[PDB]
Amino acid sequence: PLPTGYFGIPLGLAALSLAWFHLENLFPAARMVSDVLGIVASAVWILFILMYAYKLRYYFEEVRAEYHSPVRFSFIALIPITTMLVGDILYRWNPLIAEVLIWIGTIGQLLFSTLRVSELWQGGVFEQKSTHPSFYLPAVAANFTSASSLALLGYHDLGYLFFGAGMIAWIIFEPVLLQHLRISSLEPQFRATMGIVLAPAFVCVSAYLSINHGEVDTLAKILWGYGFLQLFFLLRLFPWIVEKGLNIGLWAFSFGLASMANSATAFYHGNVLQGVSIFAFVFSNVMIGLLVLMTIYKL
């Protein structure tokens, strides 16, 4: 039975592909890199999808248990999210298939959150100790992804609806998360999910940049400032994060890193803090590269 969190791997790859895609006109070779990443991401995605279908068929009670858990349910959101990203990738070759995947991912994530998260407002199941970074996945990241993907297909206003849902849900959840981390923190086996704390700002700004045609304005800059603050915090925290050793869970970081890379390209195109953008692009690529090496070593 495939661990649901493993969908984090094509996610990272997929998102990195998109970042590279935006560098084509400045640097033709980028296209190749993008294509390669795209294909690899897509491949893994297919595989995992198949594996997950098998899970649904044989290990269904496992799926049901992770679904009902007020903590683990969030990772199921990785499935429509990656679906959408693969859509994005496939758009460069076949827009129709892409659109199909994007609508499936969007409807899927909306249905999922509606059911499960509202259910959380019923009370008594979610605990203070359930306040985990993974909660950003159904609540926030899925909506940003829908916003960017819909923008890709030319549904910009719709995109703005999903973007708004994402951004405000982000601002509404993060306060209690950070208070919780200050007071009880996390057990070590959860510590890698701290990586997800890096994602919101960057994913936010990426989605934002996708909807407003890459215009780097005041909001984008603001979002970047908070993003880099969170990056410095997590960098200083990293030895503590990996106190009990390196693991595959570190793939959490990938989503934020990839988004950082993506947003970096827009900042570069608009000639805004180009040195910072180059540093961000390179740093995120190196880090995800190390994740890939680590992962191959384990395999």
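Numbering starts at 1 and follows the sequence shown.
Practice task
Would you tell me which stretch averages the higher CA B-factor in the PDB entry, 81 to 89 or 196 to 204?
Solution key: Averaged over C-alpha atoms, the B-factors run higher in 81 to 89.
Handout entry: Greater mean Cα temperature factor according to the PDB record, 256 to 264 or 31 to 39
Key = Averaged over C-alpha atoms, the B-factors run higher in 31 to 39.
Problem - Of the residues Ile97, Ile171, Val216, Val176, the one carrying the largest Cα B-factor as recorded - result: Highest CA B-factor of the listed options: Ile97.
Handout entry: Chain-relative CA temperature factor third for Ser69
Key = As the PDB entry reports it, the C-alpha B-factor of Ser69 lands in the middle third of its chain.
Exercise for the section: For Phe112, return the chain-relative third of its C-alpha B-factor as stated in the PDB record: lowest, middle or highest. Expected result: Ranked within chain, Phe112 CA B lands in the middle tercile.
Practice task
Would you please rank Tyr58 by its C-alpha temperature factor against the other modelled residues of its chain and give the third it falls in: lowest, middle or highest?
Solution key: Within its chain, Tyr58 is a highest-third residue by C-alpha B-factor, going by the deposited values.
Handout entry: Relative C-alpha B-factor of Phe232, binned into the chain's lowest, middle or highest third
Key = For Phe232, whose C-alpha B-factor we compare with every modelled residue in the chain, the answer is the lowest third.
Practice task
Could you look up the Cα B-factor of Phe190 in the entry and say which third of the chain it sits in: lowest, middle or highest?
Solution key: Highest third, going by the recorded CA B-factors of the chain.
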